[PDB]
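Asks: Chains as they are written, first to last, in our numbering: chain U, 255 to 302; chain G, 1264 to 1311. Ideal Cβ positions, reconstructed from N, Cα and C, are used throughout, including at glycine. Before anything else, here's the structure in question.
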Amino acid sequence: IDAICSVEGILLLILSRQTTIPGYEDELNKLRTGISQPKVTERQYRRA
Amino acid sequence: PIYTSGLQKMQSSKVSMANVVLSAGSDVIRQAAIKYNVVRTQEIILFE
């Protein structure tokens, strides 16, 4: 169950712009500059 | 066609024979042609 929880978490990290981590907060604005929120939806979420 | 100096050859209601006629030449029916170039600026979807 920890494995599935960690999977869901890490996936939650690269989507859903409304969450950061206590620190860098900028290389996230380097990473997630490829997803182009909000064109992302289910079909895409499940593929991820 | 007007007269020599009379009013007009369509007022006297009297027929005339020898008035003057325009003529064209061999080929005055050349159809016309135009062309356009199209290129669009902003696509519909976009952005990495």
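Should residue 352 (chain U) and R286 (chain U) be called a contact, given that it needs their Cβ atoms to be closer than 8 Å?
Replies: Beyond the ends of chain U as shown, which are 255 and 302, falls residue 352 (chain U); an answer cannot be given.
Asks: Contact between the region 271 to 278 of chain U and the region 1292 to 1300 of chain G: three or more CB pairs below 8 Å?
Replies: No, the region 271 to 278 of chain U does not touch the region 1292 to 1300 of chain G.
Asks: If you drop the 5 nearest sequence neighbours on each side, which residues of the same chain put their C-beta closer than 8 Å to that of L266 (chain U)?
Replies: Closer than 8 Å at the Cβ level, and outside the excluded window around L266 (chain U), lie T273.
Asks: Chain U partners of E1306 (chain G), CB-CB under 7 Å?
Replies: Neighbours of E1306 (chain G) on chain U: none; closest Cβ ~14 Å, over 7 Å.
Asks: Find the residues of chain G that neighbour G288 (chain U), judging by a C-beta separation of less than 9 Å, and give them in chain order.
Replies: Within 9 Å Cβ-Cβ: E1311.
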